[PDB]
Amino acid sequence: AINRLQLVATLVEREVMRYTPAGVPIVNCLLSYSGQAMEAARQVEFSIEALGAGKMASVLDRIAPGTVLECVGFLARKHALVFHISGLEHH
């Protein structure tokens, strides 16, 4: 079953790196989206919690807040929903 989110958003802030019991690094962060959709065009603005695990945690850990990111990933239950980023690029 497909569960794929593509989102170009601004990194607002990120938490300090933490780890799962297995030692997998995780960086929780907040993304901000601003743009338009098609439903009559509609301006859309919202923020969404996200996180990077493993290599993605390392990647997010070096990105300066305010950077615009082109993200791809999947949605999941926090433990509320959180955006799991599996792919990332600038601009």
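The first residue of the sequence shown is number 1, and the count goes up from there.
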**Message:** Please classify the coordinate gap between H79 and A80 in terms of deposited residues: none, 1 to 3, 4 to 9, or 10 or more.
**Reply:** 4 to 9
**Prompt:** Between residues given as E39 and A40, how many of the deposited sequence are not built: none, 1 to 3, 4 to 9, or 10 or more?
**Reply:** 1 to 3
**Item:** Stretch with the higher entry mean CA B-factor, where the candidates are 29 to 37 and 51 to 59
**Value:** 29 to 37
**Message:** Using only C-alpha atoms and the B-factors in the entry, which stretch averages higher, 82 to 90 or 1 to 9?
**Reply:** 82 to 90
**Complete:** Based on the PDB entry, the highest CA temperature factor among the options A22, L75, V72, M17 is that of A22
